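Enquirer: Take a look at the following structure, please.
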């Protein structure tokens, strides 16, 4: 199923843009951009917190199975943690902005990849 | 049911800190007026959502306007003061302590005069 | 039941102004990019909640999925343009026309295509 | 039913980062105070809505009041620290460590105390 | 049944102060410009949520839009003025004085017209 998946994946693909953007924008962000990005953290953080709220109510409304749920919480948490680190990074704050873009990408494309593989693997056994 | 007052009182009390701090904020931090602006938005989304909870509550619970105006007027005043502080904010210094002394005098007085309102209501019942 | 097709078209039309203005707001005044940033958040919460309102409606009232794809696509392109227009903005007299020209041209088309898809679907609807 | 105790602890833990980062974000970069201001609004709407979600839950599902006081207290201290940490900010290399040291030390304790209150209540729960 | 009308009027009256002040906020403090934007976002989240509140209320008992069809337009123009102020600001004292006069004149008249609508509605529906 999931039509929402399309929608959920969409939130977390554009939102990677934000962080990638935020991250990427760091290296491609003006002096004022560190605080700007702060703005993205807040924004990126209200967006996810509300998605938690809808997802919560959704699970109670329909059947419950957390595996995929952990995947959403863990990726969200790390984007979340990366965001704080990016902030912390940008707060601590070029060397590490560059890598931070590298580290982000590398972590997202690895977490993402991992997450996608879990999906793939989740998708495969249920089909087998 | 002093359980709704708890949280609503706390909203107001901290929010007075916002305006008090805003009002004070004007004097101690005159150069962060965007920042204070941000608080107006924030302070203003917070209050607007509170009005929504109160509205739904009324409808759901018994409604009798008396204590309604008191919450509605204070909100509006903090609201109008906020707007004014902006006006002030924007204008902003000989007057500040007086705005300060006038703000705390006035807020005290209405707080006191609202206290009385509920206090005046209390006594009659008691007697 | 055209009560939603009005307000939705209105969200998009004004939102086009945000981008157009976001796009058009760079070329005319680049200095407000961060201020711009604020619009992206704002423009982005507004859209994200609209997808909400509409989700409950659609699921509440069933309809054909194909007309839903367009909303997503269009919405995702404003969304992708923003990202790029923000990267653009981030990276960002010739380029904005450039970006504005390629935005306008893309949105007029996409919008032209999407409006055709309704139009053509309107053609079929009319018969 | 531990589905809420997870997300609530996460809101606090990340929120601690906001204040830790807010606290830690001053010492490392004070220049973003207003930008900081924005976090206070943000950090403050997020918490104020959580008190909401939880209100409906608690009232929906009854439970013991004593465990609720802790949430309020803790939440009100982050809230009071912010206010002071804001004034602290506003007012605000030695002081932040100072404020950060006294924050950390207070939150580790308070948090230590609160975690004990769950712990000890956990001790009783376990038996 | 003046419960909601009095709150709605107050949203628009204070919100006019936001745009008046937003407008008025440009004559009195030009640098706010981007700060003014923040108001647009804020003023824009506030109205969009009101449409939603009013979106559900409408569900409970259908009748004349008059005010809505009235409230809808006023919102839209405040909306389209904010956007123009934004463009007027984006494009961006004589115009402001002009755009202050035009705003005032417009909103006094639209508000005069809208208030009339409200006035005219209560006599017509009353009969």
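Enquirer: If a residue counts only when it is closer than 22 Å to residue D:42 by Cα and within 11 Å of chain D (Cβ to nearest Cβ), which helices (runs of 4 or more DSSP H) contained entirely in the range B:1-101 have at least 1 such residues?
Expert: Values: elements: B:2-28, B:33-60, B:66-91.
Output list reads B:2-28, B:33-60.
Enquirer: Does residue A:39 meet the test of being part of a helix (DSSP H, G or I), touching a helix residue (DSSP H, G or I) at 6+ places or on another chain (Cβ under 6 Å) and within 14 Å of chain D (Cβ to nearest Cβ)? Full working, then the answer.
Expert: On the way: part of a helix (DSSP H, G or I): yes; touching a helix residue (DSSP H, G or I) at 6+ places or on another chain (Cβ under 6 Å): yes; within 14 Å of chain D (Cβ to nearest Cβ): yes.
The answer is yes for residue A:39.
Enquirer: All but one of (1) within 14 Å of chain D (Cβ to nearest Cβ); (2) in a helix (DSSP H, G or I); (3) closer than 20 Å to residue D:6 by Cβ hold for residue A:115; which doesn't?
Expert: Result: residue A:115 fails condition (1) only.
Enquirer: Next up: Looking at the structure I just gave you, is residue A:31 within 28 Å of residue D:23 (Cβ to Cβ) and not in a helix (DSSP H, G or I)? Walk me through it before giving the result.
Expert: Details: within 28 Å of residue D:23 (Cβ to Cβ): yes; not in a helix (DSSP H, G or I): yes.
Spelling it out, residue A:31 is indeed within 28 Å of residue D:23 (Cβ to Cβ) and not in a helix (DSSP H, G or I).
Enquirer: Considering only the range B:57-86, state which residues are surrounded by 15 or more Cβ atoms within 10 Å (Cβ to Cβ) and more than 17 Å from the chain's Cα centre (by Cα).
Expert: Residues satisfying the conditions do not exist here.
Residue-by-condition table, conditions (1) on the phi < 0 side of the Ramachandran plot; (2) more than 15 Å from the chain's Cα centre (by Cα); (3) surrounded by fewer than 16 Cβ atoms within 10 Å (Cβ to Cβ):
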site	(1), (2), (3)
D:59	yes, yes, yes
D:63	yes, yes, yes
D:71	yes, no, no
D:92	yes, yes, no
D:101	yes, yes, yes
D:105	yes, no, yes
D:109	yes, no, yes
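Since every read-out is calculated from the coordinates, none of them should be taken as a lab result. Ideal geometry is used to build each Cβ from the backbone, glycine not excepted, and the neighbour counts take in all protein chains shown.
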